[PDB]
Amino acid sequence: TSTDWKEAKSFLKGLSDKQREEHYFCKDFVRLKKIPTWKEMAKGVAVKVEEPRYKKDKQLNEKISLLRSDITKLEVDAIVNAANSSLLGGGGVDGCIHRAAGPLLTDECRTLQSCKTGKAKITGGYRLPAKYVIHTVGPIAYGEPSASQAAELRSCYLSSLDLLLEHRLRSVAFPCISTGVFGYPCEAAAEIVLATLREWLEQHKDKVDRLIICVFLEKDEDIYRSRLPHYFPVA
């Protein structure tokens, strides 16, 4: 029981990544190689002219992706879970991740007992194509977030990336933390995420191959695609 997850986790750890594929809950996973970068995705896109706020950086544009997808399908080192402080699961992407990873994910989460807002903890990925899950707890906005809550949201992304770094992982996908059940406005969240990932990549670009913005609703897809050229200029 309380070593079930331990055994499975350690077991999957030894498998080659195409041995792992047989164990994935899905057969339609998305390999990282097939996820295009922002440098590629920006070819042919009309950037409406603006007062510039960032320098174009080819190399940083190679390390961020925006993708509309179910995040459980991404074959990356880690997907980030928009969790609750109890790590019990829930009806948003937390529920998709728990169902796709399996009941053994729940058992590891029980040993981690809680997660504070703006903080993060890592578990194994189990049946998920992703090797690990980084669980973080966003602020609960109730429509109109406070400045301290804008800081908590930024802090979920930084604590998540800090854990990536400590565990020497190089690919991660993020869902739109706090914007579902926790009610953060989608526009204000994306401004914070994009500013945060740019500055983080300025300082740590050598340590990762890809940060992925995994959006789920068209609304966030539209929001992010329109703000990406401001934070990651291409011309």
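All residue numbers are counted from 1 along the displayed sequence.
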| item | value |
| --- | --- |
| 105-113 set against 71-79, stretch whose average Cα temperature factor tops the other in the entry | 105-113 |
| Which of 202-210 and 40-48 has higher mean CA B factor, as the PDB entry lists it | 40-48 |
| Highest recorded Cα temperature factor - choice among 139, 92, 124, 143 | 143 |
| Residue 60, C-alpha B-factor rank within chain (lowest, middle or highest third) | middle |
| Third assignment of residue 166 from its chain's C-alpha B-factors | middle |
| Third of the chain, ranked by Cα B-factor, where residue 88 sits | highest |
| Third assignment of residue 32 from its chain's C-alpha B-factors | middle |
| Residue 189, C-alpha B-factor rank within chain (lowest, middle or highest third) | lowest |
